[PDB]
file run_5.cif (mmCIF, C-alpha atoms)
data_run
#
loop_
_atom_site.group_PDB
_atom_site.id
_atom_site.type_symbol
_atom_site.label_atom_id
_atom_site.label_comp_id
_atom_site.auth_asym_id
_atom_site.auth_seq_id
_atom_site.Cartn_x
_atom_site.Cartn_y
_atom_site.Cartn_z
ATOM 1 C CA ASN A 25 -77.954 5.667 77.205
ATOM 2 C CA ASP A 26 -78.239 1.978 76.072
ATOM 3 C CA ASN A 27 -80.736 3.865 73.821
ATOM 4 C CA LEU A 28 -77.735 5.808 72.379
ATOM 5 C CA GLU A 29 -75.715 2.497 72.031
ATOM 6 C CA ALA A 30 -78.837 1.026 70.198
ATOM 7 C CA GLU A 31 -79.175 4.069 67.928
ATOM 8 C CA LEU A 32 -75.395 4.051 67.162
ATOM 9 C CA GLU A 33 -75.523 0.284 66.311
ATOM 10 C CA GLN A 34 -78.620 1.012 64.119
ATOM 11 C CA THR A 35 -77.040 4.065 62.366
ATOM 12 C CA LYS A 36 -73.878 1.975 61.573
ATOM 13 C CA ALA A 37 -76.107 -0.809 60.020
ATOM 14 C CA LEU A 38 -77.919 1.781 57.785
ATOM 15 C CA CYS A 39 -74.488 3.193 56.798
ATOM 16 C CA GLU A 40 -73.083 -0.313 55.875
ATOM 17 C CA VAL A 41 -76.172 -1.127 53.726
ATOM 18 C CA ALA A 42 -76.262 2.356 52.026
ATOM 19 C CA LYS A 43 -72.531 2.079 51.057
ATOM 20 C CA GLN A 44 -73.171 -1.349 49.380
ATOM 21 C CA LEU A 45 -76.237 -0.030 47.466
ATOM 22 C CA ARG A 46 -74.230 2.892 46.004
ATOM 23 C CA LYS A 47 -71.416 0.461 44.910
ATOM 24 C CA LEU A 48 -73.731 -2.108 43.186
ATOM 25 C CA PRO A 49 -74.510 0.048 40.015
ATOM 26 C CA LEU A 50 -70.781 0.859 39.572
ATOM 27 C CA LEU A 51 -69.903 -2.865 39.943
ATOM 28 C CA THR A 52 -72.680 -4.057 37.487
ATOM 29 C CA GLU A 53 -71.381 -1.517 34.893
ATOM 30 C CA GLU A 54 -67.780 -2.873 35.169
ATOM 31 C CA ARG A 55 -69.173 -6.430 34.625
ATOM 32 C CA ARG A 56 -71.387 -5.253 31.692
ATOM 33 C CA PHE A 57 -68.313 -3.551 30.064
ATOM 34 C CA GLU A 58 -66.175 -6.686 30.684
ATOM 35 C CA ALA A 59 -68.865 -8.978 29.092
ATOM 36 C CA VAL A 60 -69.150 -6.592 26.069
ATOM 37 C CA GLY A 61 -65.336 -6.587 25.693
ATOM 38 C CA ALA A 62 -65.107 -10.399 26.046
ATOM 39 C CA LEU A 63 -67.914 -10.881 23.456
ATOM 40 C CA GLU A 64 -66.434 -8.496 20.858
ATOM 41 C CA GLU A 65 -63.018 -10.204 21.199
ATOM 42 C CA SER A 66 -64.766 -13.607 20.590
ATOM 43 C CA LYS A 67 -66.402 -12.158 17.476
ATOM 44 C CA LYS A 68 -62.956 -10.837 16.243
ATOM 45 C CA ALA A 69 -61.377 -14.280 16.851
ATOM 46 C CA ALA A 70 -64.263 -15.937 14.883
ATOM 47 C CA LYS A 71 -63.931 -13.438 11.948
ATOM 48 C CA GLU A 72 -60.132 -14.019 11.838
ATOM 49 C CA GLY A 73 -60.525 -17.817 12.188
ATOM 50 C CA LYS A 74 -62.985 -17.829 9.220
ATOM 51 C CA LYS A 75 -60.460 -15.862 7.122
ATOM 52 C CA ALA A 76 -57.640 -18.386 7.976
ATOM 53 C CA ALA A 77 -59.925 -21.361 7.087
ATOM 54 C CA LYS A 78 -60.635 -19.654 3.739
ATOM 55 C CA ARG A 79 -56.870 -19.051 3.078
ATOM 56 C CA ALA A 80 -56.174 -22.745 3.943
ATOM 57 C CA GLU A 81 -59.064 -24.160 1.826
ATOM 58 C CA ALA A 82 -58.067 -22.089 -1.255
ATOM 59 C CA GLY A 83 -54.394 -23.047 -0.652
ATOM 60 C CA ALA A 84 -55.049 -26.822 -0.308
ATOM 61 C CA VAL A 85 -57.002 -26.985 -3.665
ATOM 62 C CA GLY A 86 -55.107 -29.688 -5.612
ATOM 63 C CA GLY A 87 -52.709 -30.049 -2.647
ATOM 64 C CA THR A 88 -50.892 -32.921 -0.881
ATOM 65 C CA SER A 89 -52.364 -35.109 1.944
ATOM 66 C CA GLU A 90 -50.279 -33.231 4.588
ATOM 67 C CA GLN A 91 -51.692 -29.916 3.126
ATOM 68 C CA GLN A 92 -55.371 -31.026 2.853
ATOM 69 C CA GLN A 93 -55.298 -32.192 6.510
ATOM 70 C CA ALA A 94 -54.230 -28.574 7.397
ATOM 71 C CA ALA A 95 -57.343 -27.003 5.711
ATOM 72 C CA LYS A 96 -59.638 -29.565 7.484
ATOM 73 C CA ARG A 97 -57.941 -28.585 10.845
ATOM 74 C CA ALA A 98 -58.179 -24.778 10.138
ATOM 75 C CA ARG A 99 -61.880 -25.299 9.212
ATOM 76 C CA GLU A 100 -62.586 -27.196 12.441
ATOM 77 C CA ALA A 101 -60.872 -24.419 14.480
ATOM 78 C CA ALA A 102 -62.809 -21.675 12.620
ATOM 79 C CA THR A 103 -66.098 -23.348 13.670
ATOM 80 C CA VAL A 104 -64.853 -23.916 17.278
ATOM 81 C CA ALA A 105 -64.064 -20.127 17.414
ATOM 82 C CA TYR A 106 -67.591 -19.389 15.987
ATOM 83 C CA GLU A 107 -69.265 -21.748 18.546
ATOM 84 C CA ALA A 108 -67.348 -20.100 21.447
ATOM 85 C CA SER A 109 -68.498 -16.616 20.217
ATOM 86 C CA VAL A 110 -72.127 -17.957 20.342
ATOM 87 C CA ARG A 111 -71.524 -19.113 23.973
ATOM 88 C CA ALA A 112 -70.090 -15.580 24.752
ATOM 89 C CA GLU A 113 -73.374 -14.059 23.279
ATOM 90 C CA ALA A 114 -75.498 -16.114 25.723
ATOM 91 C CA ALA A 115 -73.209 -15.430 28.713
ATOM 92 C CA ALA A 116 -73.163 -11.581 28.045
ATOM 93 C CA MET A 117 -76.989 -11.638 27.700
ATOM 94 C CA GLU A 118 -77.076 -13.198 31.260
ATOM 95 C CA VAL A 119 -74.658 -10.490 32.548
ATOM 96 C CA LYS A 120 -77.059 -7.748 31.205
ATOM 97 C CA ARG A 121 -80.004 -9.678 32.821
ATOM 98 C CA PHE A 122 -78.464 -10.033 36.346
ATOM 99 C CA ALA A 123 -77.108 -6.432 36.182
ATOM 100 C CA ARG A 124 -80.703 -5.277 35.410
ATOM 101 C CA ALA A 125 -82.055 -7.266 38.407
ATOM 102 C CA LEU A 126 -79.421 -5.757 40.734
ATOM 103 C CA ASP A 127 -80.084 -2.277 39.376
ATOM 104 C CA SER A 128 -83.829 -2.602 40.179
ATOM 105 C CA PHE A 129 -82.855 -3.728 43.711
ATOM 106 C CA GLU A 130 -80.483 -0.770 44.284
ATOM 107 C CA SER A 131 -83.144 1.581 42.859
ATOM 108 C CA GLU A 132 -85.782 0.213 45.298
ATOM 109 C CA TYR A 133 -83.685 0.890 48.442
ATOM 110 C CA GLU A 134 -80.824 3.409 47.906
ATOM 111 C CA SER A 135 -82.980 6.595 48.356
ATOM 112 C CA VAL A 136 -84.661 5.074 51.452
ATOM 113 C CA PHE A 137 -81.365 4.246 53.291
ATOM 114 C CA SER A 138 -79.906 7.633 52.225
ATOM 115 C CA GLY A 139 -82.994 9.471 53.621
ATOM 116 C CA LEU A 140 -82.892 7.541 56.902
ATOM 117 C CA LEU A 141 -79.232 8.580 57.286
ATOM 118 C CA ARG A 142 -80.044 12.211 56.409
ATOM 119 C CA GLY A 143 -82.575 12.109 59.320
ATOM 120 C CA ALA A 144 -79.844 10.706 61.694
ATOM 121 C CA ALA A 145 -77.450 13.505 60.403
ATOM 122 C CA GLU A 146 -80.021 16.216 61.386
ATOM 123 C CA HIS A 147 -81.794 14.611 64.422
ATOM 124 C CA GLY A 148 -79.404 11.886 65.715
ATOM 125 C CA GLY A 149 -79.436 11.350 69.493
ATOM 126 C CA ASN A 150 -75.695 12.150 70.015
ATOM 127 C CA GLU A 151 -73.117 14.226 68.165
ATOM 128 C CA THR A 152 -71.299 10.843 67.430
ATOM 129 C CA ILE A 153 -74.483 9.422 65.724
ATOM 130 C CA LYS A 154 -74.988 12.762 63.762
ATOM 131 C CA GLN A 155 -71.254 12.666 62.818
ATOM 132 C CA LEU A 156 -71.350 9.028 61.577
ATOM 133 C CA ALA A 157 -74.488 9.701 59.420
ATOM 134 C CA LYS A 158 -73.029 13.029 58.027
ATOM 135 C CA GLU A 159 -69.770 11.205 56.981
ATOM 136 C CA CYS A 160 -71.912 8.500 55.310
ATOM 137 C CA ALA A 161 -73.778 10.998 53.068
ATOM 138 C CA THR A 162 -71.852 10.146 49.885
ATOM 139 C CA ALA A 163 -69.666 7.149 51.065
ATOM 140 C CA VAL A 164 -69.479 4.109 48.694
ATOM 141 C CA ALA A 165 -68.276 0.558 49.651
ATOM 142 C CA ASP A 166 -64.930 -0.654 48.364
ATOM 143 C CA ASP A 167 -66.489 -3.917 47.110
ATOM 144 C CA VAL A 168 -69.715 -6.000 47.248
ATOM 145 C CA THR A 169 -69.642 -9.795 47.572
ATOM 146 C CA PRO A 170 -72.844 -11.890 47.956
ATOM 147 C CA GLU A 171 -71.755 -12.719 51.585
ATOM 148 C CA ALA A 172 -71.243 -9.002 52.518
ATOM 149 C CA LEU A 173 -74.692 -8.162 51.111
ATOM 150 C CA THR A 174 -76.502 -10.852 53.286
ATOM 151 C CA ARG A 175 -74.367 -10.188 56.422
ATOM 152 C CA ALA A 176 -75.305 -6.485 56.400
ATOM 153 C CA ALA A 177 -79.010 -7.463 55.672
ATOM 154 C CA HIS A 178 -79.095 -9.904 58.638
ATOM 155 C CA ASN A 179 -77.368 -7.272 60.822
ATOM 156 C CA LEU A 180 -80.050 -4.697 59.910
ATOM 157 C CA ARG A 181 -82.868 -7.230 60.432
ATOM 158 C CA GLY A 182 -81.478 -8.049 63.963
ATOM 159 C CA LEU A 183 -81.378 -4.352 64.966
ATOM 160 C CA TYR A 184 -84.733 -3.253 63.369
ATOM 161 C CA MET A 185 -88.001 -5.072 64.280
ATOM 162 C CA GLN A 186 -89.837 -3.116 61.530
ATOM 163 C CA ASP A 187 -91.211 -5.170 58.614
ATOM 164 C CA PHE A 188 -89.096 -3.063 56.197
ATOM 165 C CA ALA A 189 -85.815 -4.534 57.564
ATOM 166 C CA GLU A 190 -87.256 -8.089 57.150
ATOM 167 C CA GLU A 191 -88.415 -7.327 53.561
ATOM 168 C CA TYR A 192 -84.933 -5.835 52.861
ATOM 169 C CA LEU A 193 -83.319 -9.114 54.063
ATOM 170 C CA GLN A 194 -85.654 -11.179 51.789
ATOM 171 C CA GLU A 195 -84.722 -8.946 48.759
ATOM 172 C CA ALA A 196 -80.987 -8.801 49.689
ATOM 173 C CA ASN A 197 -80.953 -12.634 49.735
ATOM 174 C CA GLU A 198 -82.339 -12.693 46.131
ATOM 175 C CA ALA A 199 -79.774 -9.995 45.140
ATOM 176 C CA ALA A 200 -76.864 -11.909 46.745
ATOM 177 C CA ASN A 201 -77.841 -14.873 44.428
ATOM 178 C CA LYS A 202 -78.172 -12.566 41.392
ATOM 179 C CA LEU A 203 -74.730 -11.050 42.226
ATOM 180 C CA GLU A 204 -73.226 -14.609 42.428
ATOM 181 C CA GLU A 205 -74.782 -15.480 39.021
ATOM 182 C CA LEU A 206 -73.541 -12.093 37.592
ATOM 183 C CA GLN A 207 -69.983 -13.224 38.446
ATOM 184 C CA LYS A 208 -70.474 -16.799 37.054
ATOM 185 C CA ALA A 209 -71.841 -15.278 33.780
ATOM 186 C CA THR A 210 -68.908 -12.852 33.488
ATOM 187 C CA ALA A 211 -66.380 -15.743 33.915
ATOM 188 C CA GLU A 212 -68.282 -17.789 31.243
ATOM 189 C CA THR A 213 -67.976 -14.841 28.697
ATOM 190 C CA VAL A 214 -64.239 -14.497 29.421
ATOM 191 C CA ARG A 215 -63.820 -18.361 29.140
ATOM 192 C CA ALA A 216 -65.544 -18.419 25.739
ATOM 193 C CA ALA A 217 -63.513 -15.367 24.556
ATOM 194 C CA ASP A 218 -60.297 -17.285 25.453
ATOM 195 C CA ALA A 219 -61.710 -20.451 23.792
ATOM 196 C CA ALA A 220 -62.352 -18.450 20.540
ATOM 197 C CA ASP A 221 -58.818 -16.884 20.642
ATOM 198 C CA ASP A 222 -57.135 -20.316 21.068
ATOM 199 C CA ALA A 223 -59.170 -21.681 18.076
ATOM 200 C CA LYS A 224 -58.422 -18.529 15.926
ATOM 201 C CA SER A 225 -54.692 -19.130 16.643
ATOM 202 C CA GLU A 226 -54.971 -22.857 15.743
ATOM 203 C CA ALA A 227 -56.669 -21.881 12.409
ATOM 204 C CA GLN A 228 -54.024 -19.159 11.735
ATOM 205 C CA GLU A 229 -51.085 -21.607 12.425
ATOM 206 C CA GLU A 230 -52.410 -24.337 10.046
ATOM 207 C CA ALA A 231 -53.060 -21.663 7.344
ATOM 208 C CA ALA A 232 -49.530 -20.152 7.699
ATOM 209 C CA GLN A 233 -48.148 -22.431 4.918
ATOM 210 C CA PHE A 234 -50.647 -21.122 2.249
ATOM 211 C CA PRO A 235 -50.878 -17.756 0.309
ATOM 212 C CA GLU A 236 -53.020 -14.831 1.662
ATOM 213 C CA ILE A 237 -55.864 -13.327 -0.514
ATOM 214 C CA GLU B 264 -93.002 13.327 82.082
ATOM 215 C CA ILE B 265 -94.587 12.691 78.609
ATOM 216 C CA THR B 266 -93.884 9.255 76.964
ATOM 217 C CA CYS B 267 -94.771 7.704 73.548
ATOM 218 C CA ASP B 268 -94.923 4.190 72.270
ATOM 219 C CA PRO B 269 -93.011 3.505 68.989
ATOM 220 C CA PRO B 270 -94.863 4.988 65.941
ATOM 221 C CA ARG B 271 -96.793 2.660 63.699
ATOM 222 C CA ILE B 272 -95.920 3.554 60.081
ATOM 223 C CA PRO B 273 -97.247 0.877 57.633
ATOM 224 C CA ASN B 274 -95.446 1.077 54.170
ATOM 225 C CA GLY B 275 -92.700 3.209 55.772
ATOM 226 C CA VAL B 276 -89.507 3.055 57.942
ATOM 227 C CA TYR B 277 -88.720 5.278 60.988
ATOM 228 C CA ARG B 278 -85.536 5.870 62.974
ATOM 229 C CA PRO B 279 -84.309 5.523 65.718
ATOM 230 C CA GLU B 280 -86.021 2.319 66.840
ATOM 231 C CA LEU B 281 -86.577 2.388 70.654
ATOM 232 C CA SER B 282 -89.046 0.654 73.034
ATOM 233 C CA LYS B 283 -90.174 4.030 74.474
ATOM 234 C CA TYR B 284 -89.685 7.709 73.569
ATOM 235 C CA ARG B 285 -89.803 10.730 75.887
ATOM 236 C CA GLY B 286 -91.405 14.146 75.296
ATOM 237 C CA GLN B 287 -89.751 16.188 72.486
ATOM 238 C CA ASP B 288 -87.944 13.019 71.134
ATOM 239 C CA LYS B 289 -87.962 13.163 67.316
ATOM 240 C CA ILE B 290 -88.268 10.291 64.852
ATOM 241 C CA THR B 291 -87.600 10.644 61.066
ATOM 242 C CA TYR B 292 -89.387 8.358 58.570
ATOM 243 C CA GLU B 293 -89.087 7.324 54.879
ATOM 244 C CA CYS B 294 -91.725 5.700 52.683
ATOM 245 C CA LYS B 295 -91.407 2.489 50.538
ATOM 246 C CA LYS B 296 -90.805 2.912 46.779
ATOM 247 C CA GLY B 297 -94.233 3.895 45.399
ATOM 248 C CA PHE B 298 -95.424 5.549 48.647
ATOM 249 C CA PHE B 299 -95.253 9.228 49.654
ATOM 250 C CA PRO B 300 -95.759 10.987 53.048
ATOM 251 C CA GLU B 301 -99.058 12.726 54.017
ATOM 252 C CA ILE B 302 -97.097 15.945 55.029
ATOM 253 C CA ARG B 303 -94.010 17.330 53.163
ATOM 254 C CA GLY B 304 -91.505 16.722 56.027
ATOM 255 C CA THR B 305 -90.327 13.349 57.282
ATOM 256 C CA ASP B 306 -90.318 14.465 60.982
ATOM 257 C CA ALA B 307 -92.462 13.534 64.019
ATOM 258 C CA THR B 308 -92.074 14.674 67.665
ATOM 259 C CA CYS B 309 -93.314 12.892 70.826
ATOM 260 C CA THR B 310 -95.986 15.133 72.446
ATOM 261 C CA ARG B 311 -98.914 14.912 74.965
ATOM 262 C CA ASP B 312 -101.147 14.039 71.912
ATOM 263 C CA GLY B 313 -98.774 11.363 70.496
ATOM 264 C CA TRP B 314 -96.580 11.729 67.389
ATOM 265 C CA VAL B 315 -96.930 15.218 65.892
ATOM 266 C CA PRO B 316 -97.383 15.546 62.910
ATOM 267 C CA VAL B 317 -98.810 12.007 62.501
ATOM 268 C CA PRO B 318 -96.532 9.842 60.247
ATOM 269 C CA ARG B 319 -98.463 8.268 57.313
ATOM 270 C CA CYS B 320 -97.179 6.673 54.047
ATOM 271 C CA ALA B 321 -99.844 6.859 51.284
ATOM 272 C CA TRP B 322 -99.950 5.331 47.762
#

call {"tool": "encode", "arguments": {"input": "run_5.cif", "output": "structure tokens"}}
result
Amino acid sequence: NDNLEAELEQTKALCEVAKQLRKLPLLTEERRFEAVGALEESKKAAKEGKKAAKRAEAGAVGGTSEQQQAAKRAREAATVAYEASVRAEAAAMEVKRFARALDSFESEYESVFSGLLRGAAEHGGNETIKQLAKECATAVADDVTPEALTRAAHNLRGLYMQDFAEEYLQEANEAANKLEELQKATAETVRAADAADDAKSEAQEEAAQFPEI
Amino acid sequence: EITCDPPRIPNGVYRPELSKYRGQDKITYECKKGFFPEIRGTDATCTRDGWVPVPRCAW
């Protein structure tokens, strides 16, 4: 019927949304791991930078002007590495915060969309509709971008007049923003981890001329 | 020649969504997080007496 065309368009929209909701917790975990890795590297760069500044300062005691300038430079880099590690702390904290928000969102809807599909698998109007929903039982999306999340939410909202589809769009719009901020926060942790490494290296190069402890 | 109007399921979602259903046409419904169905099953059939069993999502 056009009723079967409607139901097939509707089953496809449920399938697209369900696949994105199963991918979100896997994606947030990769970001959470990445932020944790970026932060711990920034803390290793700060610890190493502090050591170099200490090797330079002990070395430059009673030293020349072009030896005392080195310790001052290794000290300034050791603090720049420390300050970048502090910025990586704050960025990773945001990653955990946006990941939590997105995990509450996935939790709210994944079982609902999965159950609606299970119904279409068992009682779908056509064998095509039942086949699409059966294939979508455990399917996961390849990726989730804020734009893919809202597109699929608007598509569902256009096919389903039920209030649920409208409330899903409202929530998916909030989650698309949280997903965009999860990616900005991950880049900021990586940027600060690189900033701390560069400073560690500047401290280590200036301290190269002095003896180790 | 039995027909039903779409079910009205506050705090729930049914499928498929059609303007009119015919006798023996089945809908399946799910409840919002925090809500549970009145009956165990999530099925409802279009009969002479409306949707049977009646779909209801309770707190």

call {"tool": "closest_atom_pairs", "arguments": {"input": "run_5.cif", "of": "chain A", "to": "chain B", "cutoff": "7 Å", "atoms": "all atoms listed in the file", "output": "Markdown table"}}
result
| residue | atom | partner | partner_atom | distance |
| --- | --- | --- | --- | --- |
| A:27 | CA | B:281 | CA | 6.8 |
| A:31 | CA | B:279 | CA | 5.8 |
| A:132 | CA | B:296 | CA | 5.9 |
| A:136 | CA | B:293 | CA | 6.0 |
| A:139 | CA | B:293 | CA | 6.6 |
| A:140 | CA | B:293 | CA | 6.5 |
| A:143 | CA | B:291 | CA | 5.5 |
| A:147 | CA | B:289 | CA | 7.0 |
| A:184 | CA | B:280 | CA | 6.7 |
| A:188 | CA | B:276 | CA | 6.4 |

call {"tool": "residues_around", "arguments": {"input": "run_5.cif", "residues": "stretch 170-173 of chain A", "least_positions_apart": "6", "cutoff": "9 Å", "atoms": "all atoms listed in the file", "output": "MDAnalysis selection string"}}
result
chainID A and resid 41 44 196:197 199:204

call {"tool": "write_last_selection", "arguments": {"input": "run_5.cif", "atoms": "C-alpha atoms", "output": "mmCIF file, in the coordinates of the input"}}
result
data_model
loop_
_atom_site.group_PDB
_atom_site.id
_atom_site.type_symbol
_atom_site.label_atom_id
_atom_site.label_comp_id
_atom_site.auth_asym_id
_atom_site.auth_seq_id
_atom_site.Cartn_x
_atom_site.Cartn_y
_atom_site.Cartn_z
ATOM 1 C CA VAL A 41 -76.172 -1.127 53.726
ATOM 2 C CA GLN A 44 -73.171 -1.349 49.380
ATOM 3 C CA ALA A 196 -80.987 -8.801 49.689
ATOM 4 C CA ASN A 197 -80.953 -12.634 49.735
ATOM 5 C CA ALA A 199 -79.774 -9.995 45.140
ATOM 6 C CA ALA A 200 -76.864 -11.909 46.745
ATOM 7 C CA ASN A 201 -77.841 -14.873 44.428
ATOM 8 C CA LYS A 202 -78.172 -12.566 41.392
ATOM 9 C CA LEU A 203 -74.730 -11.050 42.226
ATOM 10 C CA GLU A 204 -73.226 -14.609 42.428
#

call {"tool": "resolve_selection", "arguments": {"input": "run_5.cif", "expression": "the PyMOL selection byres ((chain A and resi 49) around 12)", "output": "list in words"}}
result
residues 43, 44, 45, 46, 47, 48, 50, 51, 52, 53, 54, 55, 56, 122, 123, 124, 125, 126, 127, 128, 129, 130, 131, 134, 164, 165, 167, 168 and 203 of chain A

call {"tool": "atom_distance", "arguments": {"input": "run_5.cif", "atom1": "atom CA of residue A:177", "atom2": "atom CA of residue A:189"}}
result
7.6 Å

call {"tool": "residues_around", "arguments": {"input": "run_5.cif", "residues": "residue B:312", "least_positions_apart": "4", "cutoff": "12 Å", "atoms": "all atoms listed in the file", "output": "PyMOL selection string"}}
result
chain B and resi 265-268+286-287+307-308+316-317

call {"tool": "write_last_selection", "arguments": {"input": "run_5.cif", "atoms": "C-alpha atoms", "output": "short mmCIF file (atom, residue, chain, number, x, y, z; two decimals), keeping the file's coordinate frame"}}
result
data_model
loop_
_atom_site.label_atom_id
_atom_site.label_comp_id
_atom_site.auth_asym_id
_atom_site.auth_seq_id
_atom_site.Cartn_x
_atom_site.Cartn_y
_atom_site.Cartn_z
CA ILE B 265 -94.59 12.69 78.61
CA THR B 266 -93.88 9.26 76.96
CA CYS B 267 -94.77 7.70 73.55
CA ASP B 268 -94.92 4.19 72.27
CA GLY B 286 -91.40 14.15 75.30
CA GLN B 287 -89.75 16.19 72.49
CA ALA B 307 -92.46 13.53 64.02
CA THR B 308 -92.07 14.67 67.67
CA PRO B 316 -97.38 15.55 62.91
CA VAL B 317 -98.81 12.01 62.50
#

call {"tool": "closest_atom_pairs", "arguments": {"input": "run_5.cif", "of": "stretch 71-121 of chain A", "to": "stretch 221-228 of chain A", "cutoff": "8 Å", "atoms": "only C-alpha atoms", "output": "JSON lines"}}
result
{"residue": "A:72", "atom": "CA", "partner": "A:224", "partner_atom": "CA", "distance": 6.3}
{"residue": "A:73", "atom": "CA", "partner": "A:224", "partner_atom": "CA", "distance": 4.3}
{"residue": "A:76", "atom": "CA", "partner": "A:228", "partner_atom": "CA", "distance": 5.3}
{"residue": "A:77", "atom": "CA", "partner": "A:227", "partner_atom": "CA", "distance": 6.3}
{"residue": "A:97", "atom": "CA", "partner": "A:227", "partner_atom": "CA", "distance": 7.0}
{"residue": "A:98", "atom": "CA", "partner": "A:227", "partner_atom": "CA", "distance": 4.0}
{"residue": "A:99", "atom": "CA", "partner": "A:227", "partner_atom": "CA", "distance": 7.0}
{"residue": "A:100", "atom": "CA", "partner": "A:227", "partner_atom": "CA", "distance": 8.0}
{"residue": "A:101", "atom": "CA", "partner": "A:223", "partner_atom": "CA", "distance": 4.8}
{"residue": "A:102", "atom": "CA", "partner": "A:227", "partner_atom": "CA", "distance": 6.1}
{"residue": "A:104", "atom": "CA", "partner": "A:223", "partner_atom": "CA", "distance": 6.2}
{"residue": "A:105", "atom": "CA", "partner": "A:223", "partner_atom": "CA", "distance": 5.2}

call {"tool": "atom_distance", "arguments": {"input": "run_5.cif", "atom1": "atom CA of residue A:138", "atom2": "atom CA of residue A:160"}}
result
8.6 Å
